[PDB]
Protein chains: 2
Amino acid sequence: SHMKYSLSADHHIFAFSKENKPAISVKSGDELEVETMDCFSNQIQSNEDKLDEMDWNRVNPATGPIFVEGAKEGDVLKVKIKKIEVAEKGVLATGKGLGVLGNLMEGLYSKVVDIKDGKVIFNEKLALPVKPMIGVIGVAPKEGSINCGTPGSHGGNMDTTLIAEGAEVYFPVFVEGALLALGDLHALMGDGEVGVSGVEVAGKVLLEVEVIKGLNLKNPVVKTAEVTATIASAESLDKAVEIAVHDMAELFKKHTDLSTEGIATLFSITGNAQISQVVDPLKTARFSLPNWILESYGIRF
Amino acid sequence: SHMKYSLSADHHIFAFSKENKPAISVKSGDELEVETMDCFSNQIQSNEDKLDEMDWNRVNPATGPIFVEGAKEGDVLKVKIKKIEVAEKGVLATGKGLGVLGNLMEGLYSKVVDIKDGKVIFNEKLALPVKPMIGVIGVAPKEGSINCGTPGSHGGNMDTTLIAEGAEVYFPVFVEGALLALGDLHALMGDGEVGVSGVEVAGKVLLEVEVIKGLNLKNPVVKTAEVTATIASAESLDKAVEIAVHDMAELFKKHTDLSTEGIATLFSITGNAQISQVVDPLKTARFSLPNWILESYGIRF
Ligand SMILES: [Ca+2]
Ligand SMILES: [Ca+2]
Ligand SMILES: [Ca+2]
Ligand SMILES: [Zn+2]
Ligand SMILES: [Zn+2]
């Protein structure tokens, strides 16, 4: 299938749920240009008396859900991120009790910054080149309902910098049609997101979807032109690292002839545990390996 | 001063302690070529019979300590890593209960590998370009002895991939003459070190020492050609990351007029919380910023 649709940000959700009716159905191989609201549903723009006294129930709108025909529970949905465009301004936020330095601050803070000629004008001294990424993306979990802001095995709020143009994200599918949704673009974000926010922007994501049938995943996987990382989320970084490393060990166990000791020592010396974010109600980490090692071992998604 | 000394591996310690007598006294500006034995005092030189049933209290011998004239409690010692040479063989170790995948393995594993042509020969199919780094490097703590295998504010077994040629590590000074010692070189290791070990090798480090006055650090900092990262260790990765971020936030607070929220939001978008190791008695993490950001705010240790 080769169709292309545009889905506007008027179709959106707040919690990833098997019960959300689909905004649109497409087929494996189809493309979508998905428009998004920023993390705040665009409530903060007037920069001025735009205080974070927003609605708050309107945070993390994810555009979707998209129903992908052929996707069944146990399959994988592969999402190719081809293009991220971002708006010409963004919003930074932080404050008492928010992120790692929440203990040093009182009150709430927001600043709207300009993005101009591909740079975030943080202040008069730093113009910081954009690295657009998608903070919230995932499929419906098999059961119940999780706020767009809590990451899990189905993706969701992973705030992972590798999900950027050129990346492919693989989710395990828990329900018929997968139900993909995405929002919370950042013009720029550092690993850990230790202030609580990135440069929060509205924008548009050209992506493509494919259904994979032969492949069992327990958690999301992102693959860029150079590395492949398993992503996991848990109540502590330590446990989230453990889960991501084990998920990658399992892919080796299932797709290669390498002994466990082989696995553990290879990972020790060529894999990198890294951090995506530390400031959501679960923390998110990842274990990354270079593509050519996987390829050598015959691991192909 | 511009003397150059060579310090051989027969001068070494097993714990960082203010009580260990100096192997040698040097002055600020002097260089040393420092020989190390591996993490195993060289007790595994071959396979077959050479397995983990070594002397074990002879693990992580650090060469040193070096008394650096002029260094006083409260100063900072800067150690420029100029060259690292590694031996032509190294050892990989893992096994039951070791590192993140300990729960998958039975007994104890080691493999001795050839290092040749600039590559770890991991096995018949895979050769991996070397990236030498120093795993254990530190000064004496203020008070109680700390075994070589544990990291802390004095440094020690931080297993940080950034500590390589071209880097500078800055340590807070706890005792007169600082008492620097180093060892546990790795021909290659990935962040997290999740199998338990690096490519463990002996070798030789060309370094230079300088005493810095009027800089307050609470924990070490590494500066490479590209980034400057605070390093910290704790019983969880979550705390370690929190300490690293705070120590960086305090450098900014005390050396700039950026507000706390300026700091927090800047860190959120341009700083990277990163992992050094999760398998030692404490985990070590880091927080890294691009050098030109510190440079703009006139931050130079
Ligand atoms: Ca987010
Ligand atoms: Ca070590
Ligand atoms: Ca200040
Ligand atoms: Zn966001
Ligand atoms: Zn080591």
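In what follows, every chain begins at residue 1, and chains take the letters A, B, ... in the order their sequences are listed. Just so you know, these numbers use all the heavy atoms, side chains as well, and skip hydrogens, waters and symmetry mates.
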*Region of A/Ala187 that comes under 4.5 Å of a non-hydrogen atom in chain B*: neither

*Report, as yes or no, whether the 6.0 Å neighbourhood of atom CG on A/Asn47 holds more than 12 heavy atoms from other residues, nucleotides or ligands.*
yes

*Of the listed residues (A/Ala240, A/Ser236, A/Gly99, A/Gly102), which shares the most heavy-atom pairs with chain B below a 4.5 Å separation?*
A/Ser236

_Using only atom types and a distance under 3.5 Å, with no angle test, would you say the side chain of A/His246 pairs donor to acceptor with the backbone of B/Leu104?_
no

*asked:* Is it the case that over 12 heavy atoms from other parts of the model lie below 6.0 angstrom from the NZ atom of B/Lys50?
replied: yes

*Quick one: does B/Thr265's side chain get under 4.5 Å of A/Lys111's, heavy atoms only?*
no

_Taking NZ in A/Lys116 as the centre, count heavy atoms belonging to other residues, nucleotides or ligands within less than 6.0 Å. Is the count above 12?_
yes

*asked:* Measuring only between side-chain heavy atoms, which start at C-beta, is B/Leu101 closer than 4.5 Å to A/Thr260?
replied: no

_More than 12 heavy atoms of other residues, nucleotides or ligands under 6.0 Å from NZ of B/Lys253: yes or no?_
no

*Against chain A, label B/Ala93 side chain, backbone, both or neither, depending on which of its atoms sit under 4.5 Å from a heavy atom there.*
backbone

*In terms of heavy-atom pairs under 4.5 Å with chain A, which of B/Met189, B/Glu242, B/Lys131, B/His186 leads?*
B/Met189

_Heavy-atom pairs under 4.5 Å with chain A: which of B/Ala273, B/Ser259, B/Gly195, B/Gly192 has the most?_
B/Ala273

_Pairwise distance CD(A/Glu193) to CZ(B/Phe267) - rounded to 0.5 angstrom_ = 15.5 Å

*Which atoms form the tightest heavy-atom contact between B/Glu106 and A/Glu261, and what is the distance?*
O-OE2, 4.5 Å

*Are any non-hydrogen side-chain atoms of B/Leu266 and A/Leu126 less than 4.5 angstrom apart?*
yes

*Is the backbone N or O of A/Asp191 less than 3.5 Å from a side-chain atom of B/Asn272, with the two atoms forming a donor-acceptor pair by type?*
yes

_CD (A/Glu235) with more than 12 external heavy atoms under 6.0 Å_ = no

*asked:* Quick one, B/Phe287 with A/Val194, criterion side chain to side chain contact (heavy atoms under 4.5 Å, CB included). Give me CA distance, side-chain angles, the key distance, then yes/no.
replied: CA-CA 10 Å; B/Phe287 188 74; A/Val194 305; 4.0 Å; yes

*So which of B/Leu128, B/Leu289, B/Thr270 has the biggest tally of heavy-atom pairs under 4.5 Å with chain A?*
B/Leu128

*Pick one of side chain, backbone, both or neither for A/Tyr109, based on which atoms fall under 4.5 Å of a heavy atom in chain B.*
side chain

*Any side-chain heavy atom of B/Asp238 within less than 4.5 Å of one from A/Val278?*
no

*A/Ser197 and B/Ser268: which non-hydrogen atoms are nearest, and at how many Å?*
O-OG, 2.7 Å

*Step through the shown structure and confirm whether more than 12 heavy atoms of other residues, nucleotides or ligands are within 6.0 Å of CG on A/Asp117.*
no

_A/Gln274 vs B/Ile275 side-chain heavy atoms within contact, under 4.5 Å_ = no

*Side chain, backbone, both or neither: which part of A/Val279 has a non-hydrogen atom closer than 4.5 Å to chain B?*
neither

*Are side-chain heavy atoms of A/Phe122 and B/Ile269 found at a separation under 4.5 Å?*
yes

